[PDB]
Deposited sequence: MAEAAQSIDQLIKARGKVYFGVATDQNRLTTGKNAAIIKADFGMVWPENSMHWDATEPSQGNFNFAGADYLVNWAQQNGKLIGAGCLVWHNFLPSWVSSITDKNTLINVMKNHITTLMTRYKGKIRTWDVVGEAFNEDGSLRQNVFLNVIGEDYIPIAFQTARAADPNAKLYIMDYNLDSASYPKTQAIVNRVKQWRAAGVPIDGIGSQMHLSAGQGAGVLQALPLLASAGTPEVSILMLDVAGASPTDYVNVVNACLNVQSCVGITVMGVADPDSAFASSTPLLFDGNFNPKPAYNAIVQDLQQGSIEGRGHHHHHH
């Protein structure tokens, strides 16, 4: 059975997965995505160092392949992350002039979103902007532009493609009592009250064993910021316990504004954390206990 069709039957938008061209052309990934998933995200091909490795030199072959394959196979597309400190080329993190970095950020955002205008459901515009204590992360954008970079990024993205849902995403938002979780909620409330167009919060759920249960309290706390949507992104669970996975799926089902869930790849050997066997399909592309548990859960 298809977890995407089953989750749609429960009123959600999608069950999605990260992928890219060389997964689609190898293994059984294309077959499984076609059958079982409803949305795809670029695993690496929308990283800043993948798409703009030197200033104004844009590389879109990888992302084009993903977008075209998704359109051909009737899948939704999410993409990101436009502004974050990861996968940033040196040419960007060596900029010290505020106006230059603002326009470099804006051109990166606008060029990518314009190319795929109207084809992308969800864009992750700002990522990993928070420290663990809830203060803003001192990345090049904060250091050179200041805290206005976040409103600027979102405004720029809304202008480039007003059809896209625009998200802020972060990790370690998996416990309701953790400072980072309350902090992103507080800032997103205040940004939106000021007119900043943040449509969603995305929770990057790279989980340890037993952390699924806590998401049942954390996800509702995130939804309390009042964004139109929240989502679960980058999901994997060390050990891939059925209990952990079913708890995360149920958190999504419990939160009205949660639109769907994206897993961090299809089969275990293609995970960055392969030793931890954290995904829903094994090295022979068979559905694992966690996949079948999700099916059972989704089937007062």
Original post:
For this chain, which runs of the deposited sequence have no C-alpha coordinates, given in order from the N-terminus?
Top reply: 1 to 5, 305 to 307, 309 to 318
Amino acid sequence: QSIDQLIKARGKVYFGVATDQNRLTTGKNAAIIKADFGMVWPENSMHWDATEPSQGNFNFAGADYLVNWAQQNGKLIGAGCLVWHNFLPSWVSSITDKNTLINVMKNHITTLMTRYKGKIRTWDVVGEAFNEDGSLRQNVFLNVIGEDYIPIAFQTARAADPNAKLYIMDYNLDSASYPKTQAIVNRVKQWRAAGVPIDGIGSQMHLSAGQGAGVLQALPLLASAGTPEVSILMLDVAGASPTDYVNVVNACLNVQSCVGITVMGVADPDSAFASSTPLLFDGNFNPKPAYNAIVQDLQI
From here on, numbers count along this sequence of modelled residues.
Original post:
Looking at the deposited entry, does 213 to 221 or 166 to 174 carry the larger mean Cα B-factor?
Top reply: 213 to 221
**OP:** Tell me which of 51 to 59 and 64 to 72 has the higher mean C-alpha B-factor in the deposited entry.
**Re:** 51 to 59
Subject >> Residue of maximum C-alpha B factor among 256, 247, 26, 271, per deposited coordinates >> reply: 256
**OP:** Among 203, 107, 182, 86, single out the one with the highest C-alpha B factor in the record, please.
**Re:** 182
Original post:
So where's residue 300 on the chain's Cα temperature factor ranking, which third?
Top reply: highest
**OP:** Name the third of the chain's ranked CA B-factors that contains residue 121, choosing lowest, middle or highest.
**Re:** lowest
Original post:
What third of the chain, by the recorded C-alpha B-factor, contains residue 160?
Top reply: highest
Subject >> Assigned third (lowest, middle, highest) for the C-alpha B factor of residue 22 >> reply: middle
Subject >> Third of the chain's Cα B-factor distribution that residue 9 belongs to, per the entry >> reply: highest
